[PDB]
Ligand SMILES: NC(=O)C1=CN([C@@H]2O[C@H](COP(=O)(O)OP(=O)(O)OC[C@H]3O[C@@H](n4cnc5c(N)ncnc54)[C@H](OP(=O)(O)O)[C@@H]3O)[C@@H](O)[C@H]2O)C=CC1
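In structure tokens, one chain follows: the form solved without the ligand.
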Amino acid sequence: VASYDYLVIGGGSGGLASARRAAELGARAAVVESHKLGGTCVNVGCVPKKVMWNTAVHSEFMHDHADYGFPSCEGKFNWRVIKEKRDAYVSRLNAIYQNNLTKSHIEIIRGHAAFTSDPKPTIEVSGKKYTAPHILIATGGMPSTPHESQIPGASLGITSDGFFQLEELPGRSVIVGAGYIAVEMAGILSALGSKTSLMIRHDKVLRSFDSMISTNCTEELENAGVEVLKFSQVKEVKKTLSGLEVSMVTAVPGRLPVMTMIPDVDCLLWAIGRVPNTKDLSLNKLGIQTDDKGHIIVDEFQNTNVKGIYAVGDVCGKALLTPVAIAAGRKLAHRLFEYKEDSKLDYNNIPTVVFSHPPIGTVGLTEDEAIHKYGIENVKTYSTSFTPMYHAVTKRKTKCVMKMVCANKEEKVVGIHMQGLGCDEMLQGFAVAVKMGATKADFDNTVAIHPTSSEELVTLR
């Protein structure tokens, strides 16, 4: 049984972040990884996603070309070529991580950890046993897919994981789901020239976001030529000669339910949520607490109910983002090995960008959440809608919408929400301000930068 100061299960965002910091602070650390280093962000997530989003915006700028005085240009996307480059960049990052771990003398253990029934907390991998005083569970999540028992043929669909093994551009795609992953996939696929539908259970996408964003994003998807199938659900999927055929019910409000069939579908993509990676960890051997969906229960310090065992990141099911996983992993390593006992992540005012077309930036409270929290009379919103000057000379149009949610007499800025060109690089600075408790006065007394989109957030009236 080999011994460390710090055993980390999972070499993704949270695990690597925490292993590294602990090594810096002088711990003897090991990372267990069953697949590739870098986890979801590197391999099947934020990094390959961004490369494909960059590609997709190349597609949109191809369209605007002739408008900008350039040769009317032309057509055909080669998926193979960018797929190869994207793979090679991911592999590059895998090696960068293995090499940085090794330079820091963090041991890599290759394989699938489970906990044993030993009384000391102890894992085993290809069954050698391993233990530390401090074990971090950082095993992330995976996509959920329907069971065949609910929807016959469900396993003919792929997930976002399979999206990154796609070797050619699907001629015709149906994406199921209404969250940020579904929206992003639909936008990439349609931009590059797949005939895309997005199938959602209600009338709008991103329904947990501020209703301005929810509404505007549903519109901009339609405008970009994504077919949004509202109030619709897959009932089953069949293999045919010419691809998949998808049965849906559409059940619009105050009309009769109608069953239709989508033929000729090359890619059916389930984006209906993620489940945590805990089923195979033998958690019940130690009585580690989960909820009904198998998230690990932690306190504000990332403690499980079992002393000396911790969890960060997707596996806990709160704020499912790479930088959250990282910051929580780093804070925890400061607590354990620098004995900074008040080291913890604040989960408030965490900013998000959704990489739609155009991208969404959001931080803080929706106008709804603010009203519930402050009461209707203590909430003031300011908002705006304009066409970026980029589009002054193009036929194609997108909007920029911005919204500031303000609280109380001093008008503390408790929420910013936007979708527009450039809003992906816009948000970080404003989220700094919002974490400081900036009030609208603070915004109004910053001099504007002209001409930009961003200057509108400091000139709202």
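The numbering used is simple: start at 1 and walk along the sequence shown.
Although not depicted, the form deposited with the ligand bound is the subject of the following passage.
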**OP:** Using the pose of the ligand in the deposited bound form, placed onto this unliganded form by C-alpha superposition round the site, state open if no ligand atom is within 2.4 Å of a backbone or C-beta atom and blocked if 3 or more are.
**Re:** open
**OP:** Look up in the deposited bound form whether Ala271 has a non-hydrogen atom within 4.5 angstroms of the ligand, and give yes or no.
**Re:** yes
**OP:** Give a yes or no for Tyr180: in the deposited bound form, does one of its heavy atoms lie within 4.5 Å of a heavy atom belonging to the ligand?
**Re:** yes
Subject >> in the deposited bound form, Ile297 touching the ligand (heavy atom, 4.5 Å) >> reply: no
Original post:
According to a 4.5 angstroms non-hydrogen atom cut-off, is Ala224 in contact with the ligand in the deposited bound form?
Top reply: no
Subject >> Which of 201 to 209, 215 to 223, 285 to 293, 370 to 378 lines the interface with the ligand in the deposited bound form (heavy atom within 4.5 Å) >> reply: 201 to 209
Original post:
Can you pick the one in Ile108, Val252, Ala319, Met261 that has a heavy atom within 4.5 Å of the ligand in the deposited bound form?
Top reply: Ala319
Subject >> Selected contact from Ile135, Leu189, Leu332, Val176, since only one has a non-hydrogen atom within 4.5 angstroms of the ligand in the deposited bound form >> reply: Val176
Subject >> Residues of stretch 342 to 362 in contact with the ligand in the deposited bound form (4.5 Å, non-hydrogen atom) >> reply: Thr352, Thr362
